[PDB]
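Working through the structure, step by step
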Protein chains: 4
Amino acid sequence: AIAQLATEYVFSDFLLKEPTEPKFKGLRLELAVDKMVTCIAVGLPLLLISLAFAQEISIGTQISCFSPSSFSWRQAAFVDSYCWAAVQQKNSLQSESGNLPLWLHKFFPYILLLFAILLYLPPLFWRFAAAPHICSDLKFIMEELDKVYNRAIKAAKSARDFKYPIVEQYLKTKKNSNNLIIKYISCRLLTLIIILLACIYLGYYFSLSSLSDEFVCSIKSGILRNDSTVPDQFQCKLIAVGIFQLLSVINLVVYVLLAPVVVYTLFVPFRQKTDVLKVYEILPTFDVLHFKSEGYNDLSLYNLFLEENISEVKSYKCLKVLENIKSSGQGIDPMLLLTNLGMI
Amino acid sequence: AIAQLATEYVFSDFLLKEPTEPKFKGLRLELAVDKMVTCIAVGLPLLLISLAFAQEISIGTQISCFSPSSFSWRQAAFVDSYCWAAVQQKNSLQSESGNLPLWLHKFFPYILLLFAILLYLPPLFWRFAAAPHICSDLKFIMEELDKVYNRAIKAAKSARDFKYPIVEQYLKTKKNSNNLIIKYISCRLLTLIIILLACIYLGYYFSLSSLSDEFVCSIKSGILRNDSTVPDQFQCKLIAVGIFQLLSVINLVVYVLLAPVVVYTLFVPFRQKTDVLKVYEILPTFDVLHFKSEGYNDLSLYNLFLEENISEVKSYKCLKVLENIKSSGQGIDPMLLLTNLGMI
Amino acid sequence: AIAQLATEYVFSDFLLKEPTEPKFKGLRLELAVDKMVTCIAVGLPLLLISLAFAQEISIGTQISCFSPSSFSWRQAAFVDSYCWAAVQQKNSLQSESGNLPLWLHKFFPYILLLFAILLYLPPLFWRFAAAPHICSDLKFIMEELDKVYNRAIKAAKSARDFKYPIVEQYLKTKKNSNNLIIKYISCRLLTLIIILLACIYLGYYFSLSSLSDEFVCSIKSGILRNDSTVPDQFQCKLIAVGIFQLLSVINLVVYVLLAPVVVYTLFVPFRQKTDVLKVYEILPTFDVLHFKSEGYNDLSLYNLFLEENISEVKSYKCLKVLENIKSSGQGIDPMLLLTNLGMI
Amino acid sequence: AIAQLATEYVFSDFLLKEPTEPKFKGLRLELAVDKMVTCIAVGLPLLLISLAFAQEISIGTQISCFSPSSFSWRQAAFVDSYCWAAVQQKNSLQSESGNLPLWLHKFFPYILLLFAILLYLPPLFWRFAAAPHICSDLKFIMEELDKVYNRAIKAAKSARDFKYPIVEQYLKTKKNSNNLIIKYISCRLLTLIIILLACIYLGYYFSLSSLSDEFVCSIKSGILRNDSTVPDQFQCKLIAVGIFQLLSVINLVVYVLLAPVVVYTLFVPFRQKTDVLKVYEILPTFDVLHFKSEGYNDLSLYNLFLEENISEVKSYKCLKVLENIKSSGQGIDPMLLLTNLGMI
Ligand SMILES: CC(C)CCC[C@@H](C)[C@H]1CC[C@H]2[C@@H]3CC=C4C[C@@H](O)CC[C@]4(C)[C@H]3CC[C@]12C
Ligand SMILES: CC(C)CCC[C@@H](C)[C@H]1CC[C@H]2[C@@H]3CC=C4C[C@@H](O)CC[C@]4(C)[C@H]3CC[C@]12C
Ligand SMILES: CC(C)CCC[C@@H](C)[C@H]1CC[C@H]2[C@@H]3CC=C4C[C@@H](O)CC[C@]4(C)[C@H]3CC[C@]12C
Ligand SMILES: CC(C)CCC[C@@H](C)[C@H]1CC[C@H]2[C@@H]3CC=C4C[C@@H](O)CC[C@]4(C)[C@H]3CC[C@]12C
Ligand SMILES: CC(C)CCC[C@@H](C)[C@H]1CC[C@H]2[C@@H]3CC=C4C[C@@H](O)CC[C@]4(C)[C@H]3CC[C@]12C
Ligand SMILES: CC(C)CCC[C@@H](C)[C@H]1CC[C@H]2[C@@H]3CC=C4C[C@@H](O)CC[C@]4(C)[C@H]3CC[C@]12C
Ligand SMILES: CC(C)CCC[C@@H](C)[C@H]1CC[C@H]2[C@@H]3CC=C4C[C@@H](O)CC[C@]4(C)[C@H]3CC[C@]12C
Ligand SMILES: CC(C)CCC[C@@H](C)[C@H]1CC[C@H]2[C@@H]3CC=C4C[C@@H](O)CC[C@]4(C)[C@H]3CC[C@]12C
Ligand SMILES: *[C@@H]1O[C@H](CO)[C@@H](O)[C@H](O)[C@H]1NC(C)=O
Ligand SMILES: *[C@@H]1O[C@H](CO)[C@@H](O)[C@H](O)[C@H]1NC(C)=O
Ligand SMILES: *[C@@H]1O[C@H](CO)[C@@H](O)[C@H](O)[C@H]1NC(C)=O
Ligand SMILES: *[C@@H]1O[C@H](CO)[C@@H](O)[C@H](O)[C@H]1NC(C)=O
């Protein structure tokens, strides 16, 4: 039913499932905006496919040819099925709009499924190629941040009663390499191109005259070519073509609204803001150097992933509340850190 | 069946599922009133869609055109399907009420699903954008309250046998920022606007003459335009239009009753009452300062979320019972706190 | 529905399920490229089979013979079923394209299923014959790497405050044996041959005239051979043949794009690059000798499997970050290793 | 659907499920070749049964008798059902090929299911009679091997810083008894005989003229015997007989390819090679005596089961890597064993 399709595709965790494995425990591995874009671009065409053939919106068979009254039920069924299979056969049918509109009307669900698959492909390539590496690197970075926070609080407590910046060096090294950012931009660009092509196709499909679904059909090949009792042609109409056009314009609207989001996603350096690591600069055990901005490198992408999935880090949360309290400046950062006692 | 739909949509945890993740363990992340509003506004139109096409209420096909007796079954089926697809084609049909009523009668389930999706969108935006931040902040606040309660009871026990207000400073800082409250008000306002538009549409749909479902249909395009055996027109009726109007007025009543709730929700400062933190003011380790009221800021929203999901805090429950006992004044707050022995 | 099939076969973990057993905990046991190739080559033909007979794309029965009007419904049904069963019987039918096109049109789903099964066979043979051995060997190798890393860090810590290369000897011994690599190459080659044969078949099927689906059928055997009221022949058409050809060309395109991937897979020594063990050469407890390259031996395959599933090793990750930091050369490898404190 | 059947029967763990009980944790209890043979021989005929009546390959009803035009739909249905039930009644029908072909055409699914059940019976008898005993014995043997390995490594460590061969005596005793091997050979031989009988039946079924499915049917018993309006006979055809023959030849090919595998399985002593226990002979605590070869006794079968499910033993894996390293001979077996430190 329509409501069942809605529950499956919008109100359920459709493509929102976290990786089912212990390797990525709590790691999104995909930005929220990218996940939203993929979920829409994939589950919208599927939802429209399901809707267009819902038991309520669908009168019945997808084509009716209006055989003569003399024709029996199965003769008329032969006519309808023959014309359905003959939309491909150009000789059989003669339609003013041509045969491409008939092909599109017959295979619209296939085309929507193709667009959905093509849009799901780049996210899958990301999740299967560049996701494990970033997951491992980000897990190491979070562990290092937790360890340095613990060491700093222990030092502060000892004072009240190595020291090498490994994480900073690793981030600096990531500043050079750009394979991950190149893959990310390539997959986003392919998604954008697929969306644009889908928009072109949907606009063309919705621009039809709405009468191209009606085509003339001739079961006059073979032994029936010279038969007399059979009329030279029939009036066939492809039902649900109006529904297809409505859903196609809906998908076109959604995709044109979505494309600016993908373009904004492509410009990762601009998105790289609100320095996540700036909060850690007040730790004595952490060097006061952010050095993450203004670069078409994997460093900006790692900064984005950190700003996305750093809320799960207790040390980061503690430092964030310390920073927020520092806005008033009533107290002292080391005193607040010592009082917090948030090692684990 | 009707009962199955009821069990799925009203008697089950439809959209009442808690976040399936360890990050939010026991945190609602959504006020009870907001959750009720979203659940109604989403699962009502879906329930009505399912009901309108239930196997019992539905006689059968959604349109019947009453072809002549001479017409065969599949000729009549062609007529019915053609008219169903031609509700869009204005030239084919001539109805007194126009063609918009026919469009609405055909696509009412789609319109209800659209309203449900549009009403579910703002809650989803909230849960995916502003929910993680408030979850982390509120978890930190609850942990700080538990820790300060433990410290105060330990101090009392030591007396019988830092001290910095970090949580108060954090709340004071939240008094300034307003991004969360702005997002909350924006999503509530969008929900209200969607509800009002849905009410307008449902009132228009229910105000129809009830005879607009009957339209005249002409299969007279193409080779059949000059055919003689076919009548110039047919009498088609869109079945289930009365059911659609009944369910639409039901949804209109529900939404007009719900809109005052959304308006009341918009005025969060008025809702900010029954100070949750007032109970903690009797703790020696906690400063006697509430400072949370009369502000279009995130502080009021945090106060609401606390008053919502603070019952899970054992320290808060203990302080609440101490406060309630203090109404009589027979005993002493520190003595009762020491006797409680409710560290964990 | 079409969307359900898509969810099952592309958006779900179809053939992507990890081995359901404690023996292989986190071990892929199959390279990512090989898994992708198998998943495509298997779940594409199945998806096309499901699509070709979807409730929306399918008009109805797969063959209609257009019995005379005098014929009753069940007489026409007998004609259709007889011709469906007589596509095999060459005498009954006379078609210009022959009888092989009719066989193919009738049994296309069977042929796609056969290709899917034949393509799934070599992966299954691998997973049931050569997977347990490589799993055990690789688990031992990872355990040895973890143990040597722990020993080296313990030695470094002791200095700050046996020694036999068992793993290196085992890898060197693997350099000689080649049964695993021979099995891998044989299964890949069989997969490639099956893909090529499938491409040949699909090209032949798509090269048909598109009118071979229309064949002449004669129910004139037995008592009906000399019957007069029955016409000497009927015009039968195999519906969905156009859909079969469309999906067959789609599968042909996918398989021709996939075959280069399989050919590249066959050349494992070229794939053996980015020495995984090179990072471990900086450990005092590990001998400085890689000795893994330029060989049609199981050593290259083991190197590939290591480069695939070594990210799960904490010691390997730590050594990798040490290597990446060494690019700048600011610090010292032993000092960084001591500071890391990543025993477990 | 066809793809669903494929997923259930070839791509899923059909009859590949490990024993669902804690008694056999990780013990196959069935050789890989035997499991493959059983899985094929059982799930192939079931798959063919499901395929032959798939919603796509099946035109409709399994028999059509071509009643006269004067006959009504339910008169024709009576004719078809009567002939379907009268394939057994020899007097009613007169077919050139006889009545056995009609029996076979009607009950082919039953015959395939019978063959599948008969082939599944011997494996079930094994798993319910001789599997628990071998499971217990093999678990004891693995535990003894682990214990002796632990004792030997402990002795080596003590030197660096009872002694009775219970397992060897148990294996020697198993050398005498042969009940398990006799049961194994009997079940394999019964499986082979069932496969041969199935091949005979399938060859006979596929050797039919392909026109035996067409039989003459006479509804002329009872009050209708002397009725005039009813024709003396009808032309009935059993649909799907061609599909049955195709699938039967497929099953015949599979079974003839499989029978050599079963014959090779029967010769267990030849399969008994690559002495698993030879690796343990280098342990000081283990006597240097294999004494397992060249015997129609349970010892060879136990050797096969060990070679199958010994990879799960850490001590065996360690000894195997020690053996492989000994190929070069660079080091010493006791030194390598001491350095390994693989007690558990
Ligand atoms: C997804 C991508 C590939 C879709 C590409 C656009 C498709 C949907 C449409 C939009 C405009 C279309 C073209 C418009 C006009 C003509 C001229 C005609 O004489 C032949 C077909 C041809 C050349 C059409 C082919 C298909 C076409 C290119
Ligand atoms: C992503 C955005 C830009 C998509 C907007 C849809 C655009 C591309 C659509 C809307 C209307 C469409 C046009 C409608 C009609 C025709 C006439 C036909 O003979 C050739 C294609 C052509 C000229 C179409 C080309 C594509 C088109 C311009
Ligand atoms: C969800 C929102 C967009 C719904 C908006 C209201 C819809 C349901 C209805 C209510 C009143 C309607 C209008 C009433 C009268 C007319 C005048 C007529 O000559 C053209 C249509 C037009 C202009 C209608 C368009 C659709 C309309 C605006
Ligand atoms: C949220 C609350 C206010 C909704 C209450 C429903 C109201 C808005 C409904 C109920 C009856 C409706 C009217 C019924 C009939 C017509 C005549 C038509 O030619 C134009 C629209 C118009 C004038 C409708 C406008 C909307 C309407 C006034
Ligand atoms: C999967 C593998 C086995 C498929 C092999 C190719 C199949 C699909 C096709 C492609 C070309 C075909 C051949 C083309 C021409 C002829 C000549 C004709 O007089 C008899 C059939 C015969 C000999 C065909 C047999 C089937 C054939 C070989
Ligand atoms: C893997 C790649 C190479 C596959 C590409 C498809 C090729 C092999 C296909 C496409 C068109 C096909 C041809 C189409 C028509 C005929 C005529 C027929 O009488 C014999 C087979 C023959 C000659 C086919 C042989 C195979 C063929 C050449
Ligand atoms: C599974 C086992 C039992 C199958 C045994 C073979 C079956 C399928 C077939 C193969 C050959 C067949 C026989 C061939 C010829 C005749 C002679 C005829 O006048 C009576 C039936 C009889 C005697 C057939 C009986 C059934 C038969 C034995
Ligand atoms: C396991 C292997 C050997 C099976 C190979 C199938 C063999 C046994 C099949 C293939 C063709 C079959 C023959 C086909 C036709 C007839 C004629 C009939 O009047 C008696 C049975 C008889 C003589 C069949 C006996 C069995 C048969 C020889
Ligand atoms: C049909 O009859 C015409 C008469 O002109 C003839 O040309 C044609 O070949 C016939 N077709 C068939 C299929 O017999
Ligand atoms: C139908 O016949 C009329 C007669 O006036 C003619 O004008 C019209 O073009 C014909 N239509 C078709 C589709 O042939
Ligand atoms: C049909 O009648 C013809 C007349 O020539 C005869 O040859 C043939 O044998 C008959 N067929 C049957 C099945 O009785
Ligand atoms: C049918 O009529 C015949 C006439 O010869 C007679 O012999 C036979 O008994 C009748 N059968 C029945 C069932 O009445």
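Residues numbered from 1 in each chain as written, not as in the entry; some residues may be left out. Chains lettered and ligands numbered in written order. Part of a larger assembly, values for the part shown. Heavy atoms only, no water. Residues with missing side-chain atoms left out of burial classes, pairs and counts.

Judging from the entry metadata, cryo-EM is the method by which this structure was determined, and 2.80 Å is the reported resolution.

Description of the relation of the copies chain A and chain C
Our working definition: Their C-alpha atoms serve as the basis for the least-squares superposition of the copies. A contact between two residues is defined here by any heavy atoms of the two lying within 4.5 Å.
In the superposition of chain A on chain C (RMSD 0.0 Å, axial shift 0.0 Å), the rotation amounts to 51°. When the interface residues of chain A are mapped onto chain C, a mere 2% of them again fall at the interface, so the copies present different faces.

Considerations on the interface of chain A and chain C
Using the following cut-off: A run of DSSP states H or I qualifies as a helix once it reaches four residues; a run of E qualifies as a strand once it reaches two. Both are numbered from the N-terminal end. All residues other than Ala, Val, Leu, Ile, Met, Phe, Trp, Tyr, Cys, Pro, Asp, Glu, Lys and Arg, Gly among them, are scored as polar; the first ten of these are nonpolar and the last four charged.
Contact with chain A, which involves 50 residues of that partner, is made by 52 residues of chain C. Secondary structure elements with two or more residues in the side of chain A that touches chain C: α2 (32-52), α3 (73-86), α4 (100-129), α5 (131-160) and α6 (166-176) of chain A. For the side of chain A that touches chain C, the element with the most residues is α4 of chain A, which contributes nine residues. By residue class, the composition of the side of chain A that touches chain C is 31 nonpolar, 14 polar and five charged.

Let's talk about the interface of chain B and chain A
Where interface size is quoted, it is often the accessible area lost as the parts come together. With 50 residues of chain B in contact, the opposing surface of chain A contributes 52 residues. Within the residue set of the side of chain B that touches chain A, elements represented by two or more residues are α2 (32-52), α3 (73-86), α4 (100-129), α5 (131-160) and α6 (166-176) of chain B. For the side of chain B that touches chain A, the leading source of residues is α4 of chain B, giving nine residues. Its residues placed into classes, the side of chain B that touches chain A shows 31 nonpolar, 14 polar and five charged.

A closer look at the UniProt feature "transmembrane region" in chain A
Residues and elements named next belong to chain A. We apply this condition: UniProt positions are given in the numbering used here, feature names are shortened, and annotations may be inferred rather than shown by experiment.
The feature "transmembrane region", as annotated in UniProt, sits at residues 40-60, 106-126, 189-209 and 238-258 in this numbering. Across residues 106-126, helical content stands at 100% and strand content at 0%; the span's end C-alpha atoms are separated by 33 Å. In this annotation, residues 238-258 is assigned 86% helix and 5% strand; the end-to-end C-alpha distance for the span is 31 Å.

Remarks on the packing of helix α5 (residues 131-160) of chain D against helix α10 (residues 298-309) of chain D
Residue and element names in this part refer to chain D. For the record, the criterion: Note on geometry: axes are lines fitted to C-alpha atoms, helical ones only across the stretch in contact, with angles between N-to-C directions running from 0 to 180 degrees. Crossings are sorted by hand: turned counterclockwise from the far helix by less than a right angle, the near helix makes the crossing left-handed, and turned clockwise it makes it right-handed.
Running from amino to carboxyl end, α5 crosses α10 at an angle of 65°, the nearest separation of the two axes being 11 Å. Classified by chirality, the crossing of α10 by α5 is right-handed. Judged by residue contacts, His133, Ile134, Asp137, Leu138, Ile141 and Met142 of α5 engage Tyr302, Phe305, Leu306 and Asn309 from α10. Taken together, the residues that form the contact of α5 with α10 break down as seven nonpolar, two polar and one charged.

Observations regarding the sheet that holds strand β1 (residues 63-64) of chain A
Residue and element names in this part refer to chain A. Let me state the cut-off plainly: When DSSP finds two or more bridges between two strands, those strands count as paired.
Strand order in the open sheet formed by four strands is β1-β4-β3-β2, with antiparallel pairing between adjacent strands. Each edge of the open sheet is held by one strand with a lone partner, namely β1 and β2 (93-94). Here two bridges tie β2 to strand β3 (residues 214-217), and the two strands are oriented antiparallel to one another. Opposite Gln94, over in β3, you have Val216 as the bridge partner.

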